[PDB]
Amino acid sequence: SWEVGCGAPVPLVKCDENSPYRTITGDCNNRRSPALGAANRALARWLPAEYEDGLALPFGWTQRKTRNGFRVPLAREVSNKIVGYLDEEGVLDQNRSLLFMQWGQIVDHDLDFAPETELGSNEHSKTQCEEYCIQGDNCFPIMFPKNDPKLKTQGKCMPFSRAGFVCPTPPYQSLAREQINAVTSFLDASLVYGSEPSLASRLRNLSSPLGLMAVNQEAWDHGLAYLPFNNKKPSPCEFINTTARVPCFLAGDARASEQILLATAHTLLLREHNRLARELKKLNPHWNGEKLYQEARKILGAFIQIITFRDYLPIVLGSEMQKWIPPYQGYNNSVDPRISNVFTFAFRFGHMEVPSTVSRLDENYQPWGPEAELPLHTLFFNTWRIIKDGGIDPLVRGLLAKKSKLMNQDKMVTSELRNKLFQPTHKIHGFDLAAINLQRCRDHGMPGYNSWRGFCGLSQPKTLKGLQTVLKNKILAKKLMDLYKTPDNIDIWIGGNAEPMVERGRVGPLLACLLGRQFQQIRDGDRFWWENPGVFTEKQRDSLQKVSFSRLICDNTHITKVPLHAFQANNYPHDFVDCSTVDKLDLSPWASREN
Ligand code: HEM
Ligand SMILES: *[C@@H]1O[C@H](CO)[C@@H](O)[C@H](O)[C@H]1NC(C)=O
Ligand SMILES: *[C@@H]1O[C@H](CO)[C@@H](O)[C@H](O)[C@H]1NC(C)=O
Ligand SMILES: *[C@@H]1O[C@H](CO)[C@@H](O)[C@H](O)[C@H]1NC(C)=O
Ligand SMILES: *[C@@H]1O[C@H](CO)[C@@H](O)[C@H](O)[C@H]1NC(C)=O
Ligand SMILES: [Ca+2]
């Protein structure tokens, strides 16, 4: 009966068992269960999947099969009546830099990725889905409600393909459909180095023995390195401007060019590896390429861990932080470090932190050129605006001096994402991330809002007035009840995100509980955690506690004026101090003693 069994598409890997380095796949982290938290296995189920047919059909598939006696609302109707807003005045977060939003996307991309099924290649099925809006198999299109302005302009539907699932990726009947996590569950910089050998080697410089990561040979940022291009076709970064013909970037994660500020962040992280690999050589000229790579990799993975757990999670979770992520008490090998299916939705609170524009700023933190500020939607899959228009430095200044959007019950998701999203294969800046999120909840068999409230030991509202008391909002609760008819049926992404934020944080109680658990588990369940005794030397760890996002920018750009605390709102030159002030990474404790 014990289904430890199923998992056909995985090349079972032997473990070295006393190696000082993480694998690329994340395999061999846990000794008793070596697959635990490895890429290309099922997302963990904190609660049983919920499907129309108990097995695989998403709720809403059959237009006649109620959920608890009620029809589920169209995702695009929920989007339009709740998530959407016109007025970008008053929407900005007075105490979060745009870097707060950006770091979130980075950590999300380190932890999880459930890609679309690849069944449709050399087929018209993707076309027949998009072209004809015909629900079938892995085609689950987002249909427009009547009165939707997109009806008049785009067609009857937005296209949507169900996420990949384990064992068979085609045939019928499994305990329940389980979607894949294609990256490593550990906070291990997999987004820089890859989660597969195949890509991890292609990423590396294997012409020389300095342990360097490949760099662009076509283009340079004032002598500073760019990510190598991705010479695969069709390139969506080419598609968005066929005259510039600047391809998408190649990184450890396939998503690195989805928007110019994520591509930017990816560029900071690569340089930091190269900068480390050449410093390690300096001190230890006797070291080979492999040793340099792995030893640079290991520093960077520690860096992301510290920035995330010390700087980021306290200003997400606020008052709830200590309650879910109590201070570190060493490696526990009985902790599941796997990313849960519900986490990959919980973390999409990020979508309401994305504001409608991006600025480029000069060395005086003033407007860079006559189109310094641009709409978010023109920067999907846009690498040319980096190559042909100032390098990363003017964009890294905008991440310091501009603001994240604040979540708002009346202003959830900017139209730049809710109406104008571009997706690689489809042709138009005409999609809805909110609608996508909701269809995806259903596709993944997500339990409803009260199941999750129940799971987190929170009250479970059954009426309008219960829902009003929890949401502290009569109109939002009303619109929700009008759409869902019972709070039991509310899709967890919007249910969770409707909740007012906890003191000193940027999520409500339900999210703080779901996020809190997951981040506690990936820290506690990780054999290679930086503070885990025996991973670093006690001296290396005093050197490590001094890292800052301030310093990473200083070391890896030509910017000399930084805030101390890069995630809080910071204004220039008041909150901006010189780079010689911040603190460095002393790499002396990595000095190799031959004797
Ligand atoms: C301009 C900014 C962003 C864009 C354009 C964007 C776009 C997307 C898209 C297209 C998806 C795939 C949706 C699906 O097919 O179901 C997605 C998923 C996701 N996004 Fe965002 N996003 C942005 C910012 C963020 C931020 C700031 C965070 C977190 C703080 C975040 C977290 C996620 C997560 C967790 C997923 C699911 C990934 C997975 O496990 O498959 N995103 N995003
Ligand atoms: C590898 O490193 C060498 C020396 O640093 C450099 O000249 C070369 O361009 C690099 N190769 C690639 C493919 O990036
Ligand atoms: C295309 O990129 C080129 C730079 O090669 C730029 O001059 C042009 O204005 C861009 N056009 C669009 C539509 O993005
Ligand atoms: C701004 O954010 C930081 C980070 O949470 C916090 O400690 C600080 O008290 C906040 N300041 C104001 C004035 O809100
Ligand atoms: C390890 O975690 C389990 C459950 O995850 C818990 O019961 C136990 O207290 C922990 N054990 C140690 C050794 O920390
Ligand atoms: Ca990872």
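Remember, it's 1-based here, ligands and their atoms both numbered in the order they're listed. What you see below is based on every heavy atom in this structure, not just the backbone, and it leaves out hydrogens, waters and symmetry mates. If you read the sequence from its start, that first residue is 1, and numbering goes on from there.
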Using a 3.5 Å distance criterion without hydrogens, assess whether the side chain of [X] forms a donor-acceptor pair with backbone atoms of [Y].
{"X": "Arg96", "Y": "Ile315", "result": "yes"}
{"X": "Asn532", "Y": "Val535", "result": "no"}
{"X": "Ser235", "Y": "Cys237", "result": "yes"}
{"X": "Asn497", "Y": "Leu511", "result": "no"}
{"X": "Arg162", "Y": "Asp443", "result": "yes"}
{"X": "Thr383", "Y": "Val246", "result": "yes"}

- Message: Assess the residue pair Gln518 and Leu514 against the criterion (side chain to side chain contact (heavy atoms under 4.5 Å, CB included)); give the C-alpha distance rounded to whole Å, side-chain angles, the decisive distance to 0.1 Å, and a yes or no.
- Response: CA-CA 6 Å; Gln518 191 69 78; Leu514 303 181; over 6 Å; no
Mark up the atoms of ligand 1 that fall under 4.0 Å of a heavy atom belonging to [X], in ascending order.
{"X": "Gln259", "answer": "1 (C), 2 (C)"}
{"X": "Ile436", "answer": "13 (C), 14 (C), 15 (O), 16 (O)"}
{"X": "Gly350", "answer": "26 (C), 27 (C), 28 (C), 29 (C), 30 (C)"}
{"X": "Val354", "answer": "1 (C), 2 (C)"}

- Contact summary for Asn29 and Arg527, nearest pair of heavy atoms: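 That closest heavy-atom pairing would be O-NE, 2.6 Å.
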- Task: Search all heavy atoms of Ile339 against all heavy atoms of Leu111 and return the closest pair with its distance.
- Result: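 That would be CG1-O, 3.4 Å.
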Heavy-atom nearest neighbour in the protein, as seen from [atom], with distance rounded to 0.1 Å:
{"atom": "atom 10 (C) of ligand 5", "answer": "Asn332 ND2, 2.4 Å"}
{"atom": "atom 29 (C) of ligand 1", "answer": "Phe347 O, 3.3 Å"}
{"atom": "atom 3 (C) of ligand 3", "answer": "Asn241 ND2, 3.2 Å"}
{"atom": "atom 23 (C) of ligand 1", "answer": "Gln105 NE2, 3.3 Å"}
{"atom": "atom 9 (C) of ligand 1", "answer": "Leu433 CD1, 3.6 Å"}

Measure [X] to ligand 1 on non-hydrogen atoms and call it side chain, backbone, both or neither using the 4.0 Å cut-off.
{"X": "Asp112", "answer": "both"}
{"X": "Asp108", "answer": "side chain"}
{"X": "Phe380", "answer": "side chain"}
{"X": "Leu261", "answer": "neither"}

Out of [options], whose heavy atom sits nearest [atom]?
{"atom": "atom 30 (C) of ligand 1", "options": "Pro355, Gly104, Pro115, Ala163", "result": "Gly104"}
{"atom": "atom 4 (C) of ligand 1", "options": "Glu258, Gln439, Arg506, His377", "result": "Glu258"}
{"atom": "atom 17 (C) of ligand 1", "options": "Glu353, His351, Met101", "result": "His351"}

Could you say whether the N/O atoms of [X] and ligand 1 ever approach to under 3.5 Å?
{"X": "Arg440", "result": "yes"}
{"X": "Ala114", "result": "yes"}
{"X": "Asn437", "result": "no"}
{"X": "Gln423", "result": "no"}

- Identify which one of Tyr328, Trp103, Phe303, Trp529 satisfies the ring pair (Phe, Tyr, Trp, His ring centres under 6.0 Å) criterion when paired with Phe309. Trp529
For [atom], state whether the nearest protein heavy atom is under 4.0 Å away.
{"atom": "atom 5 (O) of ligand 3", "result": "yes"}
{"atom": "atom 12 (C) of ligand 1", "result": "no"}
{"atom": "atom 8 (C) of ligand 3", "result": "yes"}

- Check whether the ring centres of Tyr312 and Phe549 lie less than 6.0 Å apart, and answer yes or no. no
- Message: Assess, by modelled atom type and distance only, whether the side chains of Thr344 and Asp112 contain a donor and an acceptor separated by less than 3.5 Å.
- Response: no
- Message: Under a 3.5 Å threshold, yes or no: a donor from one side chain and an acceptor from the other, between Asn80 and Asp148?
- Response: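 Yes, because at least one side-chain N or O of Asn80 sits under 3.5 Å from a partner of the opposite role on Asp148.
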- Message: Counting only heavy atoms from other residues, nucleotides and ligands, does the tally under 6.0 Å from CG of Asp137 exceed 12?
- Response: no
- Query: Can you list the ligand 3 atoms lying under 4.0 Å from a non-hydrogen atom of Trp384?
  - Reply: 2 (O), 10 (C), 14 (O)
- Message: Does the residue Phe343 have a heavy-atom contact with ligand 1, meaning some pair of atoms that are separated by less than 4.0 Å?
- Response: no
- May I ask you to check if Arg177 and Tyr51 form a cation-pi contact, with NZ or CZ under 6.0 angstrom from the six-membered ring centre and within 45° of the axis?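 Ring-cation test returns no.
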